[PDB]
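Colleague: There's a structure below that I have some questions on.
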Amino acid sequence: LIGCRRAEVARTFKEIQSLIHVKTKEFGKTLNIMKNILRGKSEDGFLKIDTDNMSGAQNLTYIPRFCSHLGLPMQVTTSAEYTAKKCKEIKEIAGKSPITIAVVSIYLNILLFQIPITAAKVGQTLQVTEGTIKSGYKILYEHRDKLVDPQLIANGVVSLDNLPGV
Amino acid sequence: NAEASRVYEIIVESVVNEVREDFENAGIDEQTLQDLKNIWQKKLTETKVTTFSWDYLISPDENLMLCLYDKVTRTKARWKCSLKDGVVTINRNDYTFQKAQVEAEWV
Amino acid sequence: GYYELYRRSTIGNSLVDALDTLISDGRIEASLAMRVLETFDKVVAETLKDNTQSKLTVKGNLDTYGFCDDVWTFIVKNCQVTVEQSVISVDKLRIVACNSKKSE
Amino acid sequence: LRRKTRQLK
Amino acid sequence: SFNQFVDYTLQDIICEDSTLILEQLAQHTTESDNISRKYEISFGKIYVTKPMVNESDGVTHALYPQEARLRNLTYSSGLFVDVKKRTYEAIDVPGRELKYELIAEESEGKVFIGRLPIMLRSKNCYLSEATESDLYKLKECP
Amino acid sequence: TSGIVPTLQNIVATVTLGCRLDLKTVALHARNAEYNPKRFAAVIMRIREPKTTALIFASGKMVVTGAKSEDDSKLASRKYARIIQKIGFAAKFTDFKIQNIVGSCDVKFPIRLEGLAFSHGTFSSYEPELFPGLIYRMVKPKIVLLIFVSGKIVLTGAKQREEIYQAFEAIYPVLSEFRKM
Amino acid sequence: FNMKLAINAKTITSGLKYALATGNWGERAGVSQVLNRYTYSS
């Protein structure tokens, strides 16, 4: 996980748990201890500026891989990346896990681009509860104007009425 | 309760059907089973409950319940008790069940 | 061996009030007494699970609760019960319960 | 002491 | 030769060593654990994708030979075999012949086994079905 | 300075009763006493008036949790020891040491947690996959803090009041700089 | 038992890639050669 985060290519905890059968508590404690001793060795040796490489969220780096798992086109992926970037401004979902934020942004832009993929398929592919995805879409329906890229709706490729209401 | 009545009926019938071989293995007379059933029925009738046809320390005519629990979970105040296979004697009236969801809040 | 709870019930106390008479009359020995009580407990446990279909559930306020020797004791007060509906208000109710794990 | 697992062609 | 290899020889190589059986003996000191297990992993049909590439971040996209030459990639396609898992159990009675039965754990399921490099203008390659204008669009010389 | 003082919600303390205790009898005779030796090697009791919970061990060691103030924990330990006196054991009260004082508060503004984790990276560990709160480990005093997007702050690991209060007073300027909207 | 750990796809991938990148055919040299692009007839 540290090697994935350092190369700006970070996977999630679920990925590493899918490969390595390790309990969540011991893996988190081990990650914390190794981050502490890595910072200590950096201070003792060559000091390294983090510049958002040990970032806990890193939700911009999950959008292309998660869109590839669903077989989405690129413009859906960049719209989802913009939506996930603008989701940080929303204080109601700022505490959500970045996997859930990425998934609800992807699902919002799937409904925006009329891609025929159901919430059940997104939940099955990315192992997020369908109720969680539906609640995230419901809580993001009030902020439709800020999340959707203004230049996309300006060019007319997508329109805000395509999103079903709650 | 007629359901408790037939439950107690099959209790007394199964007991007096099963005790007989123990009484014969003990060698005592067969009348010791019949009068036992008779006095058991007289005491159930004089119990007058069920119809028949025959400073912090712990220290009959009491509402109690005897049962078997599958899982009991505790929260800050609430108590889930999933009791099973019990008999009740509240208000001098007998009841029988298979499941019991007991919820009570801890003060 | 199995659990021993139903002696405190109406049929149980009626039976243990009748075996004491035969104890006093010199009709039953001690060994026969607790083996007939054990087989009565086995009989009531085995036929109380198969051929009954009633239901009960209780809401209330528990006063004193305890778990020792693998039994659960509850003293719930101001409690209302429902059978299968009919509602009964009970001022105080005592619960004694055991595990489904077999002893010995 | 017996081998726990073995190959089967 | 390459089309013969992809169309027929890959399945033959898969089917020649498809079954993989591991017999776990009972190894029982007492007769309580006199059960022997037999785990079988069997490969089935092999599937080949169109040529593709996975990047660092995990996004996988269709790879065309012009991009593979420029980015120093390998023009390859994925191989996926169907794997069925069999678990057998037998009562290990000495003298009595073992008779194994399924415990209905027959879980089966394409699994990725590797990347076969694709010869250009072969049947798996994108350029085989491309017309002259399609080749000019892909910056491939006709 | 800060306009709000944190309020305590749990104080964990210990008492040495100084006598070997038979956990079998204290479970049967005390009212709210739970003893499951397979599950746990102690007896759990709780009494209503301080809303606390005592873990009593065979060696006479005692743990009191759930108290709001140190006087409340002292009174709770007093009454549990009085229960042990009334149950038939010579449990002399010997010492009372409070180990944990966890208190919560609210700064009443949203917090940018990723920026706080990036800036004070030597004391912070933000992993929103596991837990949605930031773990800030102050070196002086040794108080750990759970920081949230709603502004709720949980200060944990204090021995008396003058660690959690100054921990909040020191953590307020480094959270006032991070504001959302 | 993890199937992702059971089947190491890098074995097949690296074996084919190594035997095609180098001329070595095993584990015969010169089997794979860099294609000549001096002229079309070449």
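We name chains A, B, ... following the order of the structure tokens; residues begin at 1 in each chain, and ligands are numbered from 1 as shown.
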Just the residues within 10 Å of residue 3 in chain D, please, counting only C-alpha atoms, with nothing from its chain fewer than 6 positions along; format it as a list in words.
Modeller: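 Result of the neighbour search: residues 24, 25, 26 and 27 of chain E.
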Colleague: With N, CA, C and O atoms kept, could you save the residues just selected as a tab-separated table (two decimals), in the first residue's frame?
Modeller:
```tsv
chain	number	residue	atom	x	y	z
E	24	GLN	N	-5.93	-35.28	-0.20
E	24	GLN	CA	-5.58	-35.04	1.19
E	24	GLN	C	-6.02	-36.26	2.00
E	24	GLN	O	-7.22	-36.52	2.14
E	25	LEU	N	-5.05	-37.01	2.52
E	25	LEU	CA	-5.35	-38.20	3.29
E	25	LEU	C	-5.97	-37.82	4.63
E	25	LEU	O	-5.86	-36.68	5.10
E	26	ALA	N	-6.64	-38.79	5.24
E	26	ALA	CA	-7.28	-38.56	6.54
E	26	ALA	C	-6.25	-38.28	7.62
E	26	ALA	O	-6.43	-37.36	8.43
E	27	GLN	N	-5.16	-39.06	7.64
E	27	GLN	CA	-4.07	-38.93	8.62
E	27	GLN	C	-4.60	-39.00	10.05
E	27	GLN	O	-4.17	-38.26	10.94
```
Colleague: Can you list every residue in range 16-158 of chain F that DSSP puts in strand (DSSP E or B), as a tab-separated table (two decimals) with C-alpha atoms, in the first residue's frame?
Modeller:
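Just written: selection.tsv:
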```
chain	number	residue	atom	x	y	z
F	16	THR	CA	-7.29	-2.20	44.66
F	33	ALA	CA	-23.78	-9.15	38.44
F	34	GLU	CA	-22.73	-11.01	35.29
F	35	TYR	CA	-20.03	-13.70	35.39
F	43	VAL	CA	-17.57	-10.17	36.94
F	44	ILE	CA	-19.35	-7.16	35.44
F	45	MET	CA	-21.63	-5.08	37.66
F	53	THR	CA	-19.77	-0.12	35.38
F	54	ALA	CA	-17.34	-2.08	37.55
F	55	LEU	CA	-15.20	-4.94	36.29
F	56	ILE	CA	-14.29	-6.89	39.44
F	61	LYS	CA	-8.46	-5.45	41.31
F	62	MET	CA	-11.29	-3.19	40.21
F	63	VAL	CA	-12.06	-1.16	37.08
F	64	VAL	CA	-14.66	1.63	37.07
F	65	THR	CA	-15.84	2.98	33.72
F	66	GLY	CA	-18.64	5.24	32.56
F	67	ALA	CA	-18.32	8.10	35.05
F	96	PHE	CA	-8.00	5.14	43.50
F	97	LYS	CA	-6.17	6.08	40.30
F	98	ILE	CA	-7.94	7.57	37.29
F	99	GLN	CA	-6.30	6.43	34.06
F	100	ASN	CA	-8.55	7.65	31.26
F	101	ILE	CA	-10.57	10.83	30.88
F	102	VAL	CA	-12.25	11.04	27.47
F	103	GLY	CA	-14.24	14.17	26.75
F	104	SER	CA	-16.01	15.45	23.67
F	105	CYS	CA	-16.65	18.95	22.35
F	106	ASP	CA	-17.73	20.76	19.20
F	124	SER	CA	-1.75	12.98	12.28
F	125	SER	CA	-2.93	9.84	10.49
F	134	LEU	CA	-8.42	11.96	11.93
F	135	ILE	CA	-6.19	10.66	14.72
F	136	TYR	CA	-4.03	13.51	16.06
F	137	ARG	CA	-1.42	12.42	18.62
F	144	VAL	CA	-5.02	11.68	21.36
F	145	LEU	CA	-7.75	13.42	19.38
F	146	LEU	CA	-10.41	12.21	16.97
F	147	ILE	CA	-11.20	15.03	14.54
F	152	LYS	CA	-16.87	17.27	16.75
F	153	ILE	CA	-13.64	16.67	18.68
F	154	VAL	CA	-12.98	13.66	20.91
F	155	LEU	CA	-10.06	14.05	23.32
F	156	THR	CA	-8.91	10.76	24.82
```
Colleague: Which residues of chain E come within 9 Å of chain A, and what is each one's closest atom pair and distance in Å (one decimal), counting only C-alpha atoms, sorted by chain and residue number, as CSV?
Modeller:
```
residue,atom,partner,partner_atom,distance
E:56,CA,A:9,CA,6.7
E:57,CA,A:9,CA,5.2
E:58,CA,A:65,CA,5.3
E:59,CA,A:65,CA,4.6
E:60,CA,A:68,CA,6.3
E:61,CA,A:68,CA,7.9
```
Colleague: With C-alpha atoms retained, could you export that selection as a JSON list (two decimals), in the first residue's frame?
Modeller:
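Dumped everything to selection36.json:
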```json
[["chain", "number", "residue", "atom", "x", "y", "z"],
["E", 56, "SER", "CA", -0.05, 1.77, -13.99],
["E", 57, "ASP", "CA", -3.29, 3.07, -12.45],
["E", 58, "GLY", "CA", -5.20, -0.05, -13.51],
["E", 59, "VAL", "CA", -7.28, 1.41, -16.33],
["E", 60, "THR", "CA", -7.22, -1.07, -19.22],
["E", 61, "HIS", "CA", -7.90, 0.01, -22.79]]
```
Colleague: Can you pull out every residue within 9 Å of residue 157 in chain A, counting only C-alpha atoms, but drop anything in the same chain fewer than 4 positions away, and send it as a compact mmCIF listing (two decimals) with N, CA, C and O atoms, in the first residue's frame?
Modeller:
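Everything below was put into result.txt:
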```
# COMPACT_ATOMS: atom_id res chain seq x y z
N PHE A 113 -25.04 10.81 -18.24
CA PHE A 113 -24.68 10.48 -19.61
C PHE A 113 -25.56 9.40 -20.21
O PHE A 113 -25.28 8.94 -21.32
N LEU A 152 -19.62 21.01 -19.93
CA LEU A 152 -20.32 19.89 -20.54
C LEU A 152 -21.76 20.25 -20.89
O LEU A 152 -22.22 20.01 -22.01
N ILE A 153 -22.48 20.85 -19.93
CA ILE A 153 -23.85 21.25 -20.21
C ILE A 153 -23.89 22.48 -21.11
O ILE A 153 -24.89 22.71 -21.80
```
Colleague: Mind checking which residues fall within 12 Å of range 104-111 of chain E, counting only C-alpha atoms, ignoring those fewer than 2 positions away in the same chain, and posting them as a PDB file with C-alpha atoms, in the first residue's frame?
Modeller:
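The resulting file, out31.pdb, is reproduced below:
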```
ATOM      1  CA  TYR E  39      -9.493 -31.395  -4.336  1.00  0.00           C
ATOM      2  CA  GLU E  40      -9.677 -31.100  -8.129  1.00  0.00           C
ATOM      3  CA  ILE E  41      -9.036 -27.938 -10.152  1.00  0.00           C
ATOM      4  CA  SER E  42      -9.911 -28.380 -13.826  1.00  0.00           C
ATOM      5  CA  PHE E  43      -9.312 -25.975 -16.699  1.00  0.00           C
ATOM      6  CA  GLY E  44     -11.991 -25.644 -19.352  1.00  0.00           C
ATOM      7  CA  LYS E  45     -12.410 -23.484 -22.439  1.00  0.00           C
ATOM      8  CA  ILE E  46      -9.746 -20.854 -23.094  1.00  0.00           C
ATOM      9  CA  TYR E  47     -10.759 -17.372 -24.244  1.00  0.00           C
ATOM     10  CA  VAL E  48      -8.588 -14.749 -25.923  1.00  0.00           C
ATOM     11  CA  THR E  49      -9.318 -11.039 -25.791  1.00  0.00           C
ATOM     12  CA  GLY E  78      -5.273 -11.712 -22.384  1.00  0.00           C
ATOM     13  CA  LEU E  79      -5.972 -15.410 -21.923  1.00  0.00           C
ATOM     14  CA  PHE E  80      -8.833 -16.500 -19.652  1.00  0.00           C
ATOM     15  CA  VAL E  81      -9.533 -20.137 -18.825  1.00  0.00           C
ATOM     16  CA  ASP E  82     -12.681 -21.568 -17.286  1.00  0.00           C
ATOM     17  CA  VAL E  83     -11.738 -23.216 -13.989  1.00  0.00           C
ATOM     18  CA  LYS E  84     -14.098 -25.573 -12.181  1.00  0.00           C
ATOM     19  CA  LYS E  85     -13.295 -26.601  -8.610  1.00  0.00           C
ATOM     20  CA  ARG E  86     -14.215 -30.059  -7.322  1.00  0.00           C
ATOM     21  CA  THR E  87     -14.102 -31.158  -3.683  1.00  0.00           C
ATOM     22  CA  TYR E  88     -14.549 -34.859  -2.945  1.00  0.00           C
ATOM     23  CA  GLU E  89     -14.866 -36.635   0.392  1.00  0.00           C
ATOM     24  CA  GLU E 101     -18.756 -37.913  -3.522  1.00  0.00           C
ATOM     25  CA  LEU E 102     -19.290 -34.238  -4.255  1.00  0.00           C
ATOM     26  CA  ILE E 113      -3.582 -16.695 -16.896  1.00  0.00           C
ATOM     27  CA  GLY E 114      -1.359 -14.438 -18.986  1.00  0.00           C
TER      28      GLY E 114
ATOM     29  CA  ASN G   2      -6.867 -17.405  -3.030  1.00  0.00           C
ATOM     30  CA  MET G   3      -7.236 -18.038  -6.759  1.00  0.00           C
ATOM     31  CA  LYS G   4      -5.507 -14.735  -7.539  1.00  0.00           C
ATOM     32  CA  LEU G   5      -2.458 -16.033  -5.664  1.00  0.00           C
ATOM     33  CA  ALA G   6      -2.775 -19.554  -7.091  1.00  0.00           C
ATOM     34  CA  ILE G   7      -2.444 -18.567 -10.754  1.00  0.00           C
ATOM     35  CA  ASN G   8       0.578 -16.353 -11.410  1.00  0.00           C
ATOM     36  CA  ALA G   9      -0.183 -14.844 -14.819  1.00  0.00           C
TER      37      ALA G   9
END
```
Colleague: Pull out every residue of chain F that has at least one atom within 8 Å of chain A, counting only C-alpha atoms, and report them as a PDB file with N, CA, C and O atoms, in the first residue's frame.
Modeller:
```pdb
ATOM      1  N   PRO F 110     -17.201  23.273  10.022  1.00  0.00           N
ATOM      2  CA  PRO F 110     -16.600  22.164   9.276  1.00  0.00           C
ATOM      3  C   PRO F 110     -15.094  22.318   9.141  1.00  0.00           C
ATOM      4  O   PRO F 110     -14.557  23.426   9.098  1.00  0.00           O
ATOM      5  N   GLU F 114      -8.172  16.679   5.176  1.00  0.00           N
ATOM      6  CA  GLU F 114      -7.023  16.318   4.352  1.00  0.00           C
ATOM      7  C   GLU F 114      -5.917  17.360   4.455  1.00  0.00           C
ATOM      8  O   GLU F 114      -4.733  17.011   4.512  1.00  0.00           O
ATOM      9  N   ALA F 117      -4.258  16.874   7.824  1.00  0.00           N
ATOM     10  CA  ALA F 117      -3.391  15.701   7.799  1.00  0.00           C
ATOM     11  C   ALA F 117      -2.116  15.972   7.010  1.00  0.00           C
ATOM     12  O   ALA F 117      -1.044  15.471   7.363  1.00  0.00           O
ATOM     13  N   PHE F 118      -2.216  16.750   5.932  1.00  0.00           N
ATOM     14  CA  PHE F 118      -1.035  17.060   5.134  1.00  0.00           C
ATOM     15  C   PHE F 118      -0.104  18.022   5.864  1.00  0.00           C
ATOM     16  O   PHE F 118       1.121  17.867   5.809  1.00  0.00           O
ATOM     17  N   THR F 122       3.278  14.885  10.957  1.00  0.00           N
ATOM     18  CA  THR F 122       4.057  14.146  11.940  1.00  0.00           C
ATOM     19  C   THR F 122       3.236  13.718  13.149  1.00  0.00           C
ATOM     20  O   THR F 122       3.670  12.829  13.889  1.00  0.00           O
ATOM     21  N   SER F 125      -2.816  11.031  11.331  1.00  0.00           N
ATOM     22  CA  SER F 125      -2.928   9.838  10.493  1.00  0.00           C
ATOM     23  C   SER F 125      -4.383   9.728  10.044  1.00  0.00           C
ATOM     24  O   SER F 125      -5.228   9.226  10.788  1.00  0.00           O
ATOM     25  N   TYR F 126      -4.662  10.199   8.832  1.00  0.00           N
ATOM     26  CA  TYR F 126      -6.008  10.201   8.277  1.00  0.00           C
ATOM     27  C   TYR F 126      -6.156   9.038   7.307  1.00  0.00           C
ATOM     28  O   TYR F 126      -5.482   9.000   6.272  1.00  0.00           O
ATOM     29  N   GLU F 127      -7.029   8.093   7.644  1.00  0.00           N
ATOM     30  CA  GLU F 127      -7.364   6.987   6.748  1.00  0.00           C
ATOM     31  C   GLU F 127      -8.877   6.854   6.713  1.00  0.00           C
ATOM     32  O   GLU F 127      -9.464   6.071   7.471  1.00  0.00           O
ATOM     33  N   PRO F 128      -9.550   7.615   5.843  1.00  0.00           N
ATOM     34  CA  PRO F 128     -11.022   7.592   5.815  1.00  0.00           C
ATOM     35  C   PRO F 128     -11.622   6.280   5.337  1.00  0.00           C
ATOM     36  O   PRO F 128     -12.835   6.093   5.493  1.00  0.00           O
ATOM     37  N   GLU F 129     -10.829   5.383   4.745  1.00  0.00           N
ATOM     38  CA  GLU F 129     -11.323   4.042   4.456  1.00  0.00           C
ATOM     39  C   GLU F 129     -11.658   3.284   5.731  1.00  0.00           C
ATOM     40  O   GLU F 129     -12.678   2.590   5.802  1.00  0.00           O
ATOM     41  N   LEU F 130     -10.808   3.402   6.748  1.00  0.00           N
ATOM     42  CA  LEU F 130     -11.017   2.651   7.980  1.00  0.00           C
ATOM     43  C   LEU F 130     -11.970   3.387   8.911  1.00  0.00           C
ATOM     44  O   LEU F 130     -13.021   2.862   9.290  1.00  0.00           O
ATOM     45  N   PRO F 132     -13.707   7.397   9.685  1.00  0.00           N
ATOM     46  CA  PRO F 132     -13.905   8.720   9.083  1.00  0.00           C
ATOM     47  C   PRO F 132     -13.356   9.883   9.894  1.00  0.00           C
ATOM     48  O   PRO F 132     -13.693  11.031   9.589  1.00  0.00           O
ATOM     49  N   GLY F 133     -12.535   9.635  10.907  1.00  0.00           N
ATOM     50  CA  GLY F 133     -11.972  10.693  11.720  1.00  0.00           C
ATOM     51  C   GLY F 133     -10.457  10.664  11.693  1.00  0.00           C
ATOM     52  O   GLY F 133      -9.841   9.615  11.511  1.00  0.00           O
ATOM     53  N   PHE F 148     -13.253  15.380  13.272  1.00  0.00           N
ATOM     54  CA  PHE F 148     -14.272  15.008  12.303  1.00  0.00           C
ATOM     55  C   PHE F 148     -14.681  16.200  11.450  1.00  0.00           C
ATOM     56  O   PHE F 148     -14.405  17.356  11.781  1.00  0.00           O
ATOM     57  N   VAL F 149     -15.341  15.891  10.328  1.00  0.00           N
ATOM     58  CA  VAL F 149     -15.783  16.919   9.394  1.00  0.00           C
ATOM     59  C   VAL F 149     -16.890  17.784   9.972  1.00  0.00           C
ATOM     60  O   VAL F 149     -17.095  18.910   9.507  1.00  0.00           O
ATOM     61  N   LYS F 180     -14.149  24.891   6.114  1.00  0.00           N
ATOM     62  CA  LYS F 180     -14.802  24.507   4.872  1.00  0.00           C
ATOM     63  C   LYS F 180     -16.022  25.392   4.657  1.00  0.00           C
ATOM     64  O   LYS F 180     -16.888  25.480   5.535  1.00  0.00           O
ATOM     65  N   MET F 181     -16.076  26.042   3.492  1.00  0.00           N
ATOM     66  CA  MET F 181     -17.155  26.953   3.088  1.00  0.00           C
ATOM     67  C   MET F 181     -17.390  28.088   4.088  1.00  0.00           C
ATOM     68  O   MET F 181     -18.248  27.996   4.965  1.00  0.00           O
TER      69      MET F 181
END
```
Colleague: As a short mmCIF file (atom, residue, chain, number, x, y, z; two decimals) with N, CA, C and O atoms, in the first residue's frame, please: every residue in chain B that a backbone DSSP assignment puts in alpha helix (DSSP H).
Modeller:
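Below is the file that was written, out-v6.cif:
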```
data_model
loop_
_atom_site.label_atom_id
_atom_site.label_comp_id
_atom_site.auth_asym_id
_atom_site.auth_seq_id
_atom_site.Cartn_x
_atom_site.Cartn_y
_atom_site.Cartn_z
N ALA B 2 -56.77 -23.04 26.10
CA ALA B 2 -56.93 -24.43 25.68
C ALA B 2 -55.62 -25.02 25.17
O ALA B 2 -55.40 -26.23 25.30
N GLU B 3 -54.76 -24.19 24.58
CA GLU B 3 -53.46 -24.66 24.11
C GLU B 3 -52.58 -25.11 25.26
O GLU B 3 -51.97 -26.18 25.21
N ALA B 4 -52.53 -24.32 26.34
CA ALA B 4 -51.83 -24.75 27.54
C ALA B 4 -52.49 -25.97 28.17
O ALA B 4 -51.80 -26.81 28.76
N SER B 5 -53.81 -26.09 28.02
CA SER B 5 -54.52 -27.25 28.55
C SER B 5 -54.09 -28.53 27.85
O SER B 5 -53.79 -29.54 28.50
N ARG B 6 -54.03 -28.51 26.51
CA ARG B 6 -53.62 -29.73 25.81
C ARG B 6 -52.12 -29.97 25.95
O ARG B 6 -51.68 -31.13 25.93
N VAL B 7 -51.32 -28.92 26.12
CA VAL B 7 -49.90 -29.11 26.40
C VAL B 7 -49.71 -29.80 27.75
O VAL B 7 -48.94 -30.77 27.86
N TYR B 8 -50.43 -29.36 28.78
CA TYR B 8 -50.32 -30.01 30.08
C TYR B 8 -50.91 -31.42 30.05
O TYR B 8 -50.44 -32.31 30.77
N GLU B 9 -51.93 -31.63 29.21
CA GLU B 9 -52.50 -32.96 29.03
C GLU B 9 -51.48 -33.92 28.43
O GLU B 9 -51.35 -35.06 28.88
N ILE B 10 -50.73 -33.47 27.42
CA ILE B 10 -49.74 -34.39 26.86
C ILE B 10 -48.54 -34.53 27.79
O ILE B 10 -47.88 -35.57 27.79
N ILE B 11 -48.28 -33.52 28.64
CA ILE B 11 -47.27 -33.68 29.69
C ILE B 11 -47.64 -34.81 30.64
O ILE B 11 -46.84 -35.73 30.86
N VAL B 12 -48.86 -34.77 31.19
CA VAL B 12 -49.23 -35.78 32.18
C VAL B 12 -49.37 -37.15 31.52
O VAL B 12 -48.97 -38.17 32.09
N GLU B 13 -49.88 -37.19 30.28
CA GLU B 13 -50.01 -38.47 29.58
C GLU B 13 -48.65 -39.08 29.25
O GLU B 13 -48.45 -40.29 29.45
N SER B 14 -47.70 -38.27 28.78
CA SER B 14 -46.37 -38.79 28.47
C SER B 14 -45.64 -39.22 29.73
O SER B 14 -44.90 -40.22 29.72
N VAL B 15 -45.83 -38.49 30.84
CA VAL B 15 -45.19 -38.88 32.09
C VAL B 15 -45.74 -40.22 32.58
O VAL B 15 -44.97 -41.15 32.84
N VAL B 16 -47.06 -40.36 32.64
CA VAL B 16 -47.62 -41.62 33.13
C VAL B 16 -47.48 -42.75 32.12
O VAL B 16 -47.69 -43.91 32.49
N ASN B 17 -47.13 -42.45 30.87
CA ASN B 17 -46.77 -43.52 29.95
C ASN B 17 -45.31 -43.93 30.10
O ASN B 17 -44.98 -45.10 29.86
N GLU B 18 -44.44 -43.01 30.50
CA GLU B 18 -43.02 -43.32 30.61
C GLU B 18 -42.61 -43.79 32.00
O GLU B 18 -41.67 -44.59 32.11
N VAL B 19 -43.29 -43.33 33.05
CA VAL B 19 -42.92 -43.70 34.42
C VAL B 19 -43.20 -45.18 34.71
O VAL B 19 -42.52 -45.77 35.56
N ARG B 20 -44.13 -45.80 33.97
CA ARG B 20 -44.60 -47.15 34.29
C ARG B 20 -43.48 -48.18 34.24
O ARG B 20 -43.41 -49.07 35.09
N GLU B 21 -42.59 -48.07 33.24
CA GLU B 21 -41.48 -49.01 33.17
C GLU B 21 -40.48 -48.79 34.31
O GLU B 21 -39.91 -49.76 34.81
N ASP B 22 -40.30 -47.54 34.74
CA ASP B 22 -39.47 -47.28 35.92
C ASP B 22 -40.09 -47.88 37.18
O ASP B 22 -39.39 -48.42 38.03
N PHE B 23 -41.42 -47.77 37.31
CA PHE B 23 -42.10 -48.33 38.47
C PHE B 23 -42.03 -49.86 38.47
O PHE B 23 -41.87 -50.47 39.53
N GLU B 24 -42.13 -50.48 37.30
CA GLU B 24 -42.02 -51.93 37.23
C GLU B 24 -40.59 -52.40 37.45
O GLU B 24 -40.37 -53.48 38.01
N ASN B 25 -39.60 -51.62 37.00
CA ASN B 25 -38.21 -51.94 37.30
C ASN B 25 -37.90 -51.76 38.78
O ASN B 25 -37.04 -52.46 39.32
N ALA B 26 -38.59 -50.83 39.45
CA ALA B 26 -38.47 -50.69 40.89
C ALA B 26 -39.21 -51.79 41.65
O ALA B 26 -38.98 -51.95 42.85
N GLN B 31 -50.54 -49.86 41.02
CA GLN B 31 -51.43 -48.85 41.58
C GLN B 31 -50.68 -47.57 41.94
O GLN B 31 -51.29 -46.50 42.01
N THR B 32 -49.36 -47.66 42.15
CA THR B 32 -48.56 -46.48 42.49
C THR B 32 -48.49 -45.48 41.34
O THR B 32 -48.18 -44.31 41.57
N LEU B 33 -48.74 -45.93 40.11
CA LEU B 33 -48.79 -45.01 38.98
C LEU B 33 -50.16 -44.34 38.86
O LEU B 33 -50.24 -43.14 38.57
N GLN B 34 -51.23 -45.10 39.08
CA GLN B 34 -52.58 -44.58 38.86
C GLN B 34 -52.94 -43.51 39.88
O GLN B 34 -53.44 -42.44 39.52
N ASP B 35 -52.68 -43.78 41.16
CA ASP B 35 -52.96 -42.78 42.19
C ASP B 35 -52.04 -41.57 42.09
O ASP B 35 -52.45 -40.48 42.48
N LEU B 36 -50.83 -41.74 41.55
CA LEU B 36 -49.96 -40.60 41.29
C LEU B 36 -50.57 -39.67 40.26
O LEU B 36 -50.59 -38.45 40.44
N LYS B 37 -51.11 -40.24 39.18
CA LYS B 37 -51.81 -39.44 38.18
C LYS B 37 -53.05 -38.79 38.76
O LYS B 37 -53.37 -37.64 38.44
N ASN B 38 -53.77 -39.52 39.62
CA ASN B 38 -54.98 -38.98 40.23
C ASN B 38 -54.66 -37.78 41.12
O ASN B 38 -55.32 -36.74 41.02
N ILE B 39 -53.65 -37.90 41.98
CA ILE B 39 -53.33 -36.79 42.87
C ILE B 39 -52.69 -35.64 42.09
O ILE B 39 -52.88 -34.47 42.45
N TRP B 40 -51.97 -35.94 41.01
CA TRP B 40 -51.45 -34.89 40.14
C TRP B 40 -52.58 -34.10 39.50
O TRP B 40 -52.54 -32.86 39.46
N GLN B 41 -53.61 -34.80 39.04
CA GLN B 41 -54.76 -34.11 38.45
C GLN B 41 -55.55 -33.33 39.49
O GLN B 41 -56.00 -32.21 39.21
N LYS B 42 -55.71 -33.88 40.70
CA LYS B 42 -56.39 -33.13 41.76
C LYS B 42 -55.62 -31.87 42.13
O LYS B 42 -56.23 -30.82 42.39
N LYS B 43 -54.29 -31.93 42.13
CA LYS B 43 -53.52 -30.74 42.47
C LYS B 43 -53.52 -29.72 41.34
O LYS B 43 -53.52 -28.51 41.60
N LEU B 44 -53.55 -30.17 40.08
CA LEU B 44 -53.72 -29.22 38.98
C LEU B 44 -55.10 -28.57 39.00
O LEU B 44 -55.24 -27.40 38.62
N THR B 45 -56.13 -29.31 39.43
CA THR B 45 -57.46 -28.71 39.49
C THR B 45 -57.59 -27.74 40.66
O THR B 45 -58.19 -26.67 40.52
N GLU B 46 -57.03 -28.08 41.83
CA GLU B 46 -57.09 -27.15 42.95
C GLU B 46 -56.11 -26.00 42.79
O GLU B 46 -56.20 -25.02 43.53
N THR B 47 -55.17 -26.12 41.85
CA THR B 47 -54.35 -24.97 41.47
C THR B 47 -55.22 -23.88 40.84
O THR B 47 -54.92 -22.69 41.00
#
```
Colleague: Give me, as CSV, the closest atom pair and its distance (Å, one decimal) for every residue of chain B within a cut-off of 6 Å of chain C, counting only C-alpha atoms, rows sorted by chain and rising number.
Modeller:
```
residue,atom,partner,partner_atom,distance
B:63,CA,C:93,CA,5.3
B:64,CA,C:94,CA,4.3
B:65,CA,C:95,CA,4.9
B:66,CA,C:96,CA,5.1
B:67,CA,C:97,CA,4.9
B:68,CA,C:97,CA,4.3
B:69,CA,C:97,CA,5.3
B:97,CA,C:55,CA,4.7
B:98,CA,C:55,CA,5.9
B:99,CA,C:55,CA,5.9
B:100,CA,C:57,CA,4.7
B:101,CA,C:57,CA,4.9
B:102,CA,C:58,CA,4.7
B:103,CA,C:59,CA,5.0
B:104,CA,C:61,CA,4.6
B:105,CA,C:61,CA,5.3
```
